[PDB]
file start_9.txt (compact mmCIF, C-alpha atoms and all ligand atoms)
# COMPACT_ATOMS: atom_id res chain seq x y z
CA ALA A 1 0.00 0.00 0.00
CA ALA A 2 1.00 3.62 -0.62
CA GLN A 3 -0.30 6.71 1.19
CA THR A 4 0.64 9.83 -0.75
CA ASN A 5 1.39 13.12 1.03
CA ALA A 6 1.78 11.31 4.32
CA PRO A 7 3.14 13.05 7.40
CA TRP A 8 6.93 13.14 7.06
CA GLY A 9 7.44 10.66 9.92
CA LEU A 10 5.36 7.96 8.29
CA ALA A 11 7.22 8.46 5.02
CA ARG A 12 10.50 8.27 6.93
CA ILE A 13 9.64 4.97 8.61
CA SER A 14 9.26 3.24 5.23
CA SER A 15 12.24 4.88 3.51
CA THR A 16 15.99 4.36 3.27
CA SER A 17 16.36 8.13 2.83
CA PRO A 18 14.96 11.39 4.20
CA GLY A 19 13.01 13.83 2.05
CA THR A 20 10.17 11.70 0.70
CA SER A 21 6.45 12.04 1.30
CA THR A 22 4.77 8.70 0.58
CA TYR A 23 4.24 6.05 3.28
CA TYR A 24 4.58 2.44 2.03
CA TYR A 25 3.27 -0.45 4.13
CA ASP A 26 1.82 -3.94 3.93
CA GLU A 27 -1.99 -3.81 3.69
CA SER A 28 -2.18 -6.00 6.83
CA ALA A 29 -1.65 -2.71 8.69
CA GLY A 30 -1.48 -4.20 12.20
CA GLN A 31 -4.84 -5.96 11.97
CA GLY A 32 -5.26 -8.40 14.86
CA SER A 33 -2.77 -6.54 17.07
CA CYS A 34 -3.55 -4.16 19.93
CA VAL A 35 -1.73 -1.11 21.25
CA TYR A 36 -2.32 0.32 24.68
CA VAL A 37 -1.73 4.06 24.84
CA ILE A 38 -0.94 4.90 28.45
CA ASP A 39 -1.37 8.65 28.59
CA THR A 40 -4.02 11.39 29.01
CA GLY A 41 -6.65 9.21 27.29
CA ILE A 42 -7.88 8.91 23.69
CA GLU A 43 -10.78 10.71 22.03
CA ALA A 44 -12.19 7.47 20.65
CA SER A 45 -14.97 9.24 18.73
CA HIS A 46 -12.43 10.94 16.47
CA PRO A 47 -13.32 9.93 12.88
CA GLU A 48 -9.63 9.16 12.31
CA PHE A 49 -9.91 6.11 14.60
CA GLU A 50 -12.80 4.54 12.67
CA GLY A 51 -14.21 2.86 15.78
CA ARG A 52 -10.94 1.03 16.49
CA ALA A 53 -10.17 3.08 19.61
CA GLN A 54 -11.66 2.56 23.07
CA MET A 55 -10.97 3.85 26.58
CA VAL A 56 -10.48 0.88 28.90
CA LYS A 57 -9.30 2.52 32.14
CA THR A 58 -8.99 5.82 33.95
CA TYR A 59 -7.79 6.83 37.42
CA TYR A 60 -9.59 10.16 37.28
CA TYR A 61 -13.15 11.39 37.35
CA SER A 62 -13.42 10.95 33.59
CA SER A 63 -11.84 8.83 30.88
CA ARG A 64 -12.08 11.72 28.43
CA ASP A 65 -8.85 13.13 27.04
CA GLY A 66 -9.14 16.77 28.09
CA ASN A 67 -5.55 17.44 27.05
CA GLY A 68 -5.02 16.05 23.54
CA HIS A 69 -1.60 14.52 23.94
CA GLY A 70 -2.89 10.93 24.41
CA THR A 71 -5.09 11.41 21.36
CA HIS A 72 -2.11 12.65 19.34
CA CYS A 73 0.02 9.67 20.38
CA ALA A 74 -2.81 7.25 19.62
CA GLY A 75 -3.16 8.90 16.21
CA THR A 76 0.48 8.23 15.38
CA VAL A 77 0.06 4.61 16.43
CA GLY A 78 -3.06 3.85 14.48
CA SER A 79 -5.19 6.63 12.99
CA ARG A 80 -6.22 6.16 9.36
CA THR A 81 -4.28 9.19 8.09
CA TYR A 82 -1.62 9.81 10.70
CA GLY A 83 -0.92 6.31 11.96
CA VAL A 84 1.73 3.68 11.37
CA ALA A 85 -0.55 0.66 12.01
CA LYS A 86 -3.79 1.71 10.39
CA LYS A 87 -5.82 -1.36 11.36
CA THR A 88 -4.65 -1.93 14.94
CA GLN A 89 -6.95 -1.82 17.95
CA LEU A 90 -6.27 1.06 20.30
CA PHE A 91 -6.86 0.87 24.05
CA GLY A 92 -6.61 4.02 26.15
CA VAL A 93 -5.40 3.96 29.74
CA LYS A 94 -5.64 7.40 31.36
CA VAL A 95 -2.84 7.64 33.91
CA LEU A 96 -2.24 11.36 33.26
CA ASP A 97 -4.67 14.12 34.19
CA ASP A 98 -5.83 16.79 31.75
CA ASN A 99 -2.77 18.89 32.60
CA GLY A 100 -0.56 15.98 31.47
CA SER A 101 0.60 15.14 35.00
CA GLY A 102 0.39 11.93 36.99
CA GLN A 103 1.72 10.50 40.23
CA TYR A 104 4.14 7.61 39.76
CA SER A 105 1.85 5.35 41.83
CA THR A 106 -0.96 5.87 39.30
CA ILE A 107 1.38 5.30 36.37
CA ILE A 108 2.57 2.04 37.97
CA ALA A 109 -1.02 0.91 38.54
CA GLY A 110 -1.74 1.62 34.86
CA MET A 111 1.16 -0.57 33.74
CA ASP A 112 0.07 -3.45 35.97
CA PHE A 113 -3.46 -2.93 34.64
CA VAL A 114 -2.31 -3.46 31.06
CA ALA A 115 -0.37 -6.61 31.96
CA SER A 116 -3.60 -8.12 33.24
CA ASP A 117 -6.08 -6.44 30.91
CA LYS A 118 -4.55 -7.91 27.77
CA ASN A 119 -6.09 -11.20 28.94
CA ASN A 120 -9.50 -9.57 28.46
CA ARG A 121 -8.79 -8.44 24.89
CA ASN A 122 -8.54 -10.13 21.52
CA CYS A 123 -5.05 -9.49 20.18
CA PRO A 124 -4.07 -12.68 18.35
CA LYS A 125 -1.10 -11.02 16.62
CA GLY A 126 0.29 -9.47 19.80
CA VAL A 127 0.15 -6.62 22.29
CA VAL A 128 2.11 -3.36 22.46
CA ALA A 129 2.14 -0.55 25.03
CA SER A 130 3.15 3.00 24.17
CA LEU A 131 4.33 5.12 27.12
CA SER A 132 4.90 8.73 26.10
CA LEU A 133 5.66 9.87 29.64
CA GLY A 134 8.42 9.87 32.22
CA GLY A 135 10.07 11.55 35.17
CA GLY A 136 13.14 11.24 37.38
CA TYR A 137 14.75 7.86 38.05
CA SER A 138 12.54 5.49 40.04
CA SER A 139 13.34 1.83 40.55
CA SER A 140 9.63 1.17 41.15
CA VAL A 141 8.58 2.76 37.85
CA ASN A 142 11.31 0.85 36.02
CA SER A 143 10.21 -2.41 37.66
CA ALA A 144 6.60 -1.84 36.59
CA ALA A 145 7.72 -1.35 32.98
CA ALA A 146 9.86 -4.49 33.25
CA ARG A 147 6.88 -6.49 34.55
CA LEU A 148 4.70 -5.24 31.72
CA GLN A 149 7.35 -6.27 29.20
CA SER A 150 7.87 -9.62 30.93
CA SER A 151 4.10 -10.30 30.82
CA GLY A 152 4.27 -10.43 27.01
CA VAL A 153 3.72 -6.80 25.97
CA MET A 154 6.11 -4.92 23.69
CA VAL A 155 6.78 -1.82 25.78
CA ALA A 156 7.93 1.33 23.98
CA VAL A 157 8.83 4.30 26.20
CA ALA A 158 9.91 7.86 25.48
CA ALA A 159 13.56 8.65 26.15
CA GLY A 160 12.60 12.11 27.47
CA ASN A 161 13.01 15.70 26.30
CA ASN A 162 15.86 16.99 28.47
CA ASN A 163 18.71 16.87 25.91
CA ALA A 164 20.41 14.68 28.52
CA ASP A 165 21.43 11.11 29.28
CA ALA A 166 18.27 9.02 29.73
CA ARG A 167 19.95 6.95 32.48
CA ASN A 168 18.49 9.47 34.96
CA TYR A 169 14.86 9.10 33.89
CA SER A 170 12.14 6.45 34.27
CA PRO A 171 10.85 4.36 32.65
CA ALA A 172 13.41 5.41 29.97
CA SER A 173 16.27 3.86 31.95
CA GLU A 174 14.68 0.40 32.28
CA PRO A 175 16.93 -1.85 30.18
CA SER A 176 14.28 -4.43 29.27
CA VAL A 177 11.89 -2.05 27.46
CA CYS A 178 12.34 -0.21 24.16
CA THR A 179 13.55 3.34 24.84
CA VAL A 180 12.87 5.74 21.97
CA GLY A 181 14.72 8.93 21.06
CA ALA A 182 13.48 11.55 18.60
CA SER A 183 14.72 12.72 15.20
CA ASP A 184 13.73 15.47 12.76
CA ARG A 185 12.89 15.47 9.06
CA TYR A 186 16.51 16.16 8.11
CA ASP A 187 17.76 13.13 10.07
CA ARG A 188 19.14 15.18 12.92
CA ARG A 189 18.69 14.08 16.51
CA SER A 190 15.85 16.27 17.74
CA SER A 191 17.29 19.15 19.74
CA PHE A 192 15.41 18.13 22.92
CA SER A 193 15.95 14.38 22.62
CA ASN A 194 17.58 12.51 25.43
CA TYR A 195 20.36 10.09 24.48
CA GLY A 196 22.69 7.57 26.13
CA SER A 197 23.42 3.85 26.35
CA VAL A 198 19.85 3.08 27.45
CA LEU A 199 18.34 4.21 24.13
CA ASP A 200 17.39 1.40 21.77
CA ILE A 201 16.10 3.29 18.75
CA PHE A 202 15.14 6.67 17.30
CA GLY A 203 11.86 7.59 15.65
CA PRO A 204 10.37 10.75 14.09
CA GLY A 205 9.70 13.26 16.86
CA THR A 206 9.95 16.82 15.53
CA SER A 207 6.90 18.46 13.92
CA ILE A 208 4.61 15.43 13.92
CA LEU A 209 1.07 15.88 12.56
CA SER A 210 -1.58 13.73 14.22
CA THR A 211 -5.05 13.71 15.74
CA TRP A 212 -6.13 16.07 18.49
CA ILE A 213 -9.18 16.50 20.70
CA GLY A 214 -12.34 18.14 19.40
CA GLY A 215 -11.97 16.04 16.25
CA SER A 216 -9.04 18.15 15.09
CA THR A 217 -5.39 17.74 14.12
CA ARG A 218 -2.17 19.23 15.30
CA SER A 219 1.61 19.20 14.77
CA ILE A 220 3.67 18.85 17.97
CA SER A 221 7.15 17.64 18.94
CA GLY A 222 8.71 15.33 21.53
CA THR A 223 10.09 11.89 22.26
CA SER A 224 6.39 11.41 23.07
CA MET A 225 5.76 11.56 19.31
CA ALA A 226 8.65 9.27 18.42
CA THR A 227 7.48 6.56 20.81
CA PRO A 228 4.14 5.82 19.11
CA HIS A 229 5.90 5.51 15.72
CA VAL A 230 7.90 2.65 17.23
CA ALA A 231 4.88 1.21 19.07
CA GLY A 232 2.88 1.27 15.83
CA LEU A 233 5.80 -0.24 13.94
CA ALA A 234 6.00 -3.08 16.47
CA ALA A 235 2.27 -3.81 16.08
CA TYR A 236 2.63 -3.77 12.30
CA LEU A 237 5.60 -6.17 12.38
CA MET A 238 3.86 -8.54 14.80
CA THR A 239 0.83 -8.80 12.49
CA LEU A 240 3.24 -9.67 9.66
CA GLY A 241 4.69 -12.42 11.88
CA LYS A 242 8.17 -10.87 11.66
CA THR A 243 8.63 -10.69 15.41
CA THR A 244 7.07 -11.07 18.87
CA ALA A 245 6.67 -8.83 21.91
CA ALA A 246 9.76 -10.26 23.60
CA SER A 247 12.05 -9.53 20.69
CA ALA A 248 10.41 -6.71 18.73
CA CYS A 249 12.78 -4.08 20.12
CA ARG A 250 15.76 -6.21 19.04
CA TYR A 251 14.17 -6.86 15.65
CA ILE A 252 13.49 -3.15 15.10
CA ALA A 253 17.06 -2.28 16.07
CA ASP A 254 18.47 -5.01 13.82
CA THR A 255 16.42 -3.85 10.80
CA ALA A 256 16.80 -0.10 11.42
CA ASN A 257 18.43 2.43 9.14
CA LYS A 258 21.97 2.61 10.55
CA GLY A 259 24.37 5.54 10.92
CA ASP A 260 22.06 8.01 9.15
CA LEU A 261 21.36 10.44 12.01
CA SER A 262 23.46 13.49 12.86
CA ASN A 263 24.34 14.84 16.31
CA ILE A 264 24.18 11.41 17.93
CA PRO A 265 26.59 11.58 20.89
CA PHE A 266 29.34 9.01 21.05
CA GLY A 267 27.97 5.93 22.84
CA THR A 268 24.33 6.36 21.77
CA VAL A 269 22.89 4.06 19.07
CA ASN A 270 22.59 5.58 15.61
CA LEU A 271 19.49 3.65 14.56
CA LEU A 272 16.30 4.95 12.98
CA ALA A 273 13.10 2.88 12.97
CA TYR A 274 12.41 1.37 9.52
CA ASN A 275 9.69 -1.01 8.32
CA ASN A 276 11.81 -2.62 5.57
CA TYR A 277 8.70 -2.84 3.41
CA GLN A 278 9.40 -3.62 -0.23
CA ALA A 279 6.37 -2.72 -2.33
CA CA B 301 16.11 -1.70 26.03

call {"tool": "encode", "arguments": {"input": "start_9.txt", "output": "structure tokens"}}
result
Amino acid sequence: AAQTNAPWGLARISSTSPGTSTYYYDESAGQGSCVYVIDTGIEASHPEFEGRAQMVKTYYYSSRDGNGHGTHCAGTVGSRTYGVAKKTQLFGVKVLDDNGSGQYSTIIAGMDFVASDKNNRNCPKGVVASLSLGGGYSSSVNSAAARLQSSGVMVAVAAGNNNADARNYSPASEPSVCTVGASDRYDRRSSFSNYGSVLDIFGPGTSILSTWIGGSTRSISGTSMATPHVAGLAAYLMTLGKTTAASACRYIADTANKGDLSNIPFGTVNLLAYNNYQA
């Protein structure tokens, strides 16, 4: 399949080079997979989700996304126009309030929720969780992410937006999950992107167009935007049978575009997520 005039990040994920605008992908499109978006929620009624999105849990007085950032992330995972995996099922877990904040204890509960909740969902091709959030180092937050991963969920987490070593942030610093840095449309490391040995992969994170609340759309930037590209890619690859939750991060790293990014500090991987789709 070919989507013309796709957002640059989608085009990038199916290309060996920057500067193109068509997204190429297998028509399977993540059908039969599921992606949990653990965030401010998802506006499931957005036409872009085509009924494939649902809120499954909130820790607040509503499950509505009153912020937009969860909806944006979900859009990059699986919206019809802005998504990587255009036929995946999207499950929203609202661990962040409408100001985008959340206590670590709530975030941890949300991760444990997903590890159990997948047993109540139909995801024959596999389960992914996208965590576009973080904070200072916490062994408890890292352990929660590790449990989620261990339970059979491909966990993708944002590296963080501090232009610093991700070793000092959680869940970014958890070795067993897939930690995602951000790049821009000219293959530069995004100016805000964290880096370090704990990063596994980079994805498009600067100026990313996706869904927003009120049935709208929006371009924003962050490792939060890079993460759902990788989560969506994982779901897509699992539907194709290329990989599994336990080794998707390794598979993505092994099949990535290599050595193409600029301003990658010595000791950080120079790997950009790539679907290796040959039309
Ligand atoms: Ca890792």

call {"tool": "residues_near_point", "arguments": {"input": "start_9.txt", "point": "(-2.8, -0.3, 22.1)", "cutoff": "12 Å", "atoms": "all atoms listed in the file", "output": "short mmCIF file (atom, residue, chain, number, x, y, z; two decimals) with C-alpha atoms, keeping the file's coordinate frame"}}
result
data_model
loop_
_atom_site.label_atom_id
_atom_site.label_comp_id
_atom_site.auth_asym_id
_atom_site.auth_seq_id
_atom_site.Cartn_x
_atom_site.Cartn_y
_atom_site.Cartn_z
CA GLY A 30 -1.48 -4.20 12.20
CA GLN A 31 -4.84 -5.96 11.97
CA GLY A 32 -5.26 -8.40 14.86
CA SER A 33 -2.77 -6.54 17.07
CA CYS A 34 -3.55 -4.16 19.93
CA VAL A 35 -1.73 -1.11 21.25
CA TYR A 36 -2.32 0.32 24.68
CA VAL A 37 -1.73 4.06 24.84
CA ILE A 38 -0.94 4.90 28.45
CA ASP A 39 -1.37 8.65 28.59
CA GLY A 41 -6.65 9.21 27.29
CA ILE A 42 -7.88 8.91 23.69
CA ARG A 52 -10.94 1.03 16.49
CA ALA A 53 -10.17 3.08 19.61
CA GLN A 54 -11.66 2.56 23.07
CA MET A 55 -10.97 3.85 26.58
CA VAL A 56 -10.48 0.88 28.90
CA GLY A 70 -2.89 10.93 24.41
CA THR A 71 -5.09 11.41 21.36
CA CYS A 73 0.02 9.67 20.38
CA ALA A 74 -2.81 7.25 19.62
CA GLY A 75 -3.16 8.90 16.21
CA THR A 76 0.48 8.23 15.38
CA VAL A 77 0.06 4.61 16.43
CA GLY A 78 -3.06 3.85 14.48
CA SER A 79 -5.19 6.63 12.99
CA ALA A 85 -0.55 0.66 12.01
CA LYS A 86 -3.79 1.71 10.39
CA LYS A 87 -5.82 -1.36 11.36
CA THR A 88 -4.65 -1.93 14.94
CA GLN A 89 -6.95 -1.82 17.95
CA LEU A 90 -6.27 1.06 20.30
CA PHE A 91 -6.86 0.87 24.05
CA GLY A 92 -6.61 4.02 26.15
CA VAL A 93 -5.40 3.96 29.74
CA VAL A 114 -2.31 -3.46 31.06
CA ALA A 115 -0.37 -6.61 31.96
CA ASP A 117 -6.08 -6.44 30.91
CA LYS A 118 -4.55 -7.91 27.77
CA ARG A 121 -8.79 -8.44 24.89
CA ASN A 122 -8.54 -10.13 21.52
CA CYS A 123 -5.05 -9.49 20.18
CA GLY A 126 0.29 -9.47 19.80
CA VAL A 127 0.15 -6.62 22.29
CA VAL A 128 2.11 -3.36 22.46
CA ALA A 129 2.14 -0.55 25.03
CA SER A 130 3.15 3.00 24.17
CA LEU A 131 4.33 5.12 27.12
CA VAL A 153 3.72 -6.80 25.97
CA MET A 154 6.11 -4.92 23.69
CA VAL A 155 6.78 -1.82 25.78
CA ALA A 156 7.93 1.33 23.98
CA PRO A 228 4.14 5.82 19.11
CA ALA A 231 4.88 1.21 19.07
CA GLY A 232 2.88 1.27 15.83
CA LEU A 233 5.80 -0.24 13.94
CA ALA A 234 6.00 -3.08 16.47
CA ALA A 235 2.27 -3.81 16.08
CA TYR A 236 2.63 -3.77 12.30
#

call {"tool": "residues_around", "arguments": {"input": "start_9.txt", "residues": "residue 265 in chain A", "least_positions_apart": "6", "cutoff": "12 Å", "atoms": "all atoms listed in the file", "output": "PyMOL selection string"}}
result
chain A and resi 163-165+188-189+193-197+199+259

call {"tool": "atom_distance", "arguments": {"input": "start_9.txt", "atom1": "CA of residue 1 in chain A", "atom2": "CA of residue 277 in chain A"}}
result
9.8 Å

call {"tool": "residues_near_ligand", "arguments": {"input": "start_9.txt", "ligand": "ligand CA 301 (chain B)", "cutoff": "8 Å", "atoms": "only C-alpha atoms and all ligand atoms", "output": "CSV table (one decimal) with C-alpha atoms, in the coordinates of the input"}}
result
chain,number,residue,atom,x,y,z
A,174,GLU,CA,14.7,0.4,32.3
A,175,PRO,CA,16.9,-1.8,30.2
A,176,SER,CA,14.3,-4.4,29.3
A,177,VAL,CA,11.9,-2.0,27.5
A,178,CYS,CA,12.3,-0.2,24.2
A,179,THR,CA,13.6,3.3,24.8
A,198,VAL,CA,19.8,3.1,27.4
A,199,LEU,CA,18.3,4.2,24.1
A,200,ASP,CA,17.4,1.4,21.8
A,249,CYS,CA,12.8,-4.1,20.1

call {"tool": "closest_residue", "arguments": {"input": "start_9.txt", "among": "A:211, A:106, A:255, A:183", "to": "residue 226 in chain A", "atoms": "all atoms listed in the file"}}
result
A:183

call {"tool": "residues_near_point", "arguments": {"input": "start_9.txt", "point": "(0.8, 7.7, 32.5)", "cutoff": "12 Å", "atoms": "all atoms listed in the file", "output": "PyMOL selection string"}}
result
chain A and resi 36-41+57-60+69-70+92-114+129-135+141+144-145+157-158+170-171+224

call {"tool": "residues_around", "arguments": {"input": "start_9.txt", "residues": "residue 72 in chain A", "least_positions_apart": "4", "cutoff": "9 Å", "atoms": "only C-alpha atoms", "output": "NGL selection string"}}
result
:A and (42 or 68 or 76-77 or 209-213 or 217-220 or 225)

call {"tool": "axis_aligned_box", "arguments": {"input": "start_9.txt", "around": "range 145-162 of chain A", "padding_each_side": "3 Å", "output": "lines of an AutoDock Vina configuration file"}}
result
center_x = 9.8
center_y = 3.3
center_z = 29.1
size_x = 18.1
size_y = 33.4
size_z = 16.9

call {"tool": "build_atoms", "arguments": {"input": "start_9.txt", "residues": "range 104-128 of chain A", "atoms": "N, CA, C and O atoms", "output": "tab-separated table (two decimals), keeping the file's coordinate frame"}}
result
chain	number	residue	atom	x	y	z
A	104	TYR	N	3.52	8.88	40.14
A	104	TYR	CA	4.14	7.61	39.76
A	104	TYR	C	3.32	6.39	40.20
A	104	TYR	O	3.29	5.38	39.50
A	105	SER	N	2.65	6.48	41.34
A	105	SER	CA	1.85	5.35	41.83
A	105	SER	C	0.70	5.03	40.88
A	105	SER	O	0.34	3.86	40.68
A	106	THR	N	0.11	6.06	40.28
A	106	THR	CA	-0.96	5.87	39.30
A	106	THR	C	-0.41	5.30	38.00
A	106	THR	O	-1.02	4.40	37.39
A	107	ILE	N	0.74	5.80	37.57
A	107	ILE	CA	1.38	5.30	36.37
A	107	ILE	C	1.71	3.81	36.52
A	107	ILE	O	1.46	3.01	35.61
A	108	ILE	N	2.25	3.43	37.68
A	108	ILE	CA	2.57	2.04	37.97
A	108	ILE	C	1.31	1.17	37.94
A	108	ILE	O	1.31	0.09	37.35
A	109	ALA	N	0.24	1.65	38.57
A	109	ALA	CA	-1.02	0.91	38.54
A	109	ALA	C	-1.50	0.70	37.10
A	109	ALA	O	-1.99	-0.37	36.76
A	110	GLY	N	-1.35	1.72	36.27
A	110	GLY	CA	-1.74	1.62	34.86
A	110	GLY	C	-0.97	0.56	34.10
A	110	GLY	O	-1.54	-0.17	33.27
A	111	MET	N	0.33	0.45	34.38
A	111	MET	CA	1.16	-0.57	33.74
A	111	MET	C	0.74	-1.97	34.18
A	111	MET	O	0.61	-2.88	33.35
A	112	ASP	N	0.53	-2.15	35.47
A	112	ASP	CA	0.07	-3.45	35.97
A	112	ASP	C	-1.33	-3.78	35.42
A	112	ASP	O	-1.65	-4.95	35.14
A	113	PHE	N	-2.15	-2.75	35.24
A	113	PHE	CA	-3.46	-2.93	34.64
A	113	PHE	C	-3.33	-3.54	33.25
A	113	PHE	O	-4.02	-4.50	32.93
A	114	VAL	N	-2.45	-2.97	32.42
A	114	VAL	CA	-2.31	-3.46	31.06
A	114	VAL	C	-1.83	-4.91	31.03
A	114	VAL	O	-2.31	-5.72	30.23
A	115	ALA	N	-0.90	-5.25	31.91
A	115	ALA	CA	-0.37	-6.61	31.96
A	115	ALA	C	-1.47	-7.63	32.22
A	115	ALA	O	-1.44	-8.76	31.70
A	116	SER	N	-2.46	-7.25	33.02
A	116	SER	CA	-3.60	-8.12	33.24
A	116	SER	C	-4.67	-7.97	32.16
A	116	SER	O	-5.24	-8.96	31.68
A	117	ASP	N	-4.97	-6.73	31.80
A	117	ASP	CA	-6.08	-6.44	30.91
A	117	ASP	C	-5.94	-7.08	29.54
A	117	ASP	O	-6.94	-7.36	28.88
A	118	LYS	N	-4.72	-7.30	29.08
A	118	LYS	CA	-4.55	-7.91	27.77
A	118	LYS	C	-5.24	-9.27	27.72
A	118	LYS	O	-5.63	-9.74	26.64
A	119	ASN	N	-5.41	-9.91	28.88
A	119	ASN	CA	-6.09	-11.20	28.94
A	119	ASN	C	-7.59	-11.09	28.74
A	119	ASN	O	-8.28	-12.11	28.61
A	120	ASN	N	-8.09	-9.86	28.71
A	120	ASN	CA	-9.50	-9.57	28.46
A	120	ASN	C	-9.74	-9.00	27.06
A	120	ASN	O	-10.85	-8.56	26.75
A	121	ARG	N	-8.71	-9.01	26.23
A	121	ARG	CA	-8.79	-8.44	24.89
A	121	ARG	C	-8.44	-9.49	23.85
A	121	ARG	O	-7.80	-10.49	24.15
A	122	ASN	N	-8.87	-9.25	22.62
A	122	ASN	CA	-8.54	-10.13	21.52
A	122	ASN	C	-7.44	-9.51	20.67
A	122	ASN	O	-7.69	-8.58	19.90
A	123	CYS	N	-6.23	-10.03	20.83
A	123	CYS	CA	-5.05	-9.49	20.18
A	123	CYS	C	-4.20	-10.65	19.70
A	123	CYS	O	-3.07	-10.83	20.15
A	124	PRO	N	-4.74	-11.44	18.76
A	124	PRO	CA	-4.07	-12.68	18.35
A	124	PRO	C	-2.67	-12.45	17.80
A	124	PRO	O	-1.82	-13.34	17.90
A	125	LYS	N	-2.41	-11.28	17.22
A	125	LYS	CA	-1.10	-11.02	16.62
A	125	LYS	C	-0.11	-10.43	17.61
A	125	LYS	O	1.08	-10.33	17.32
A	126	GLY	N	-0.59	-10.01	18.78
A	126	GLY	CA	0.29	-9.47	19.80
A	126	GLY	C	-0.15	-8.14	20.38
A	126	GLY	O	-1.04	-7.46	19.85
A	127	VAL	N	0.51	-7.77	21.47
A	127	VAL	CA	0.15	-6.62	22.29
A	127	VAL	C	1.36	-5.70	22.47
A	127	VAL	O	2.46	-6.15	22.76
A	128	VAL	N	1.11	-4.40	22.30
A	128	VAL	CA	2.11	-3.36	22.46
A	128	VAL	C	1.58	-2.33	23.46
A	128	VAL	O	0.38	-2.10	23.56
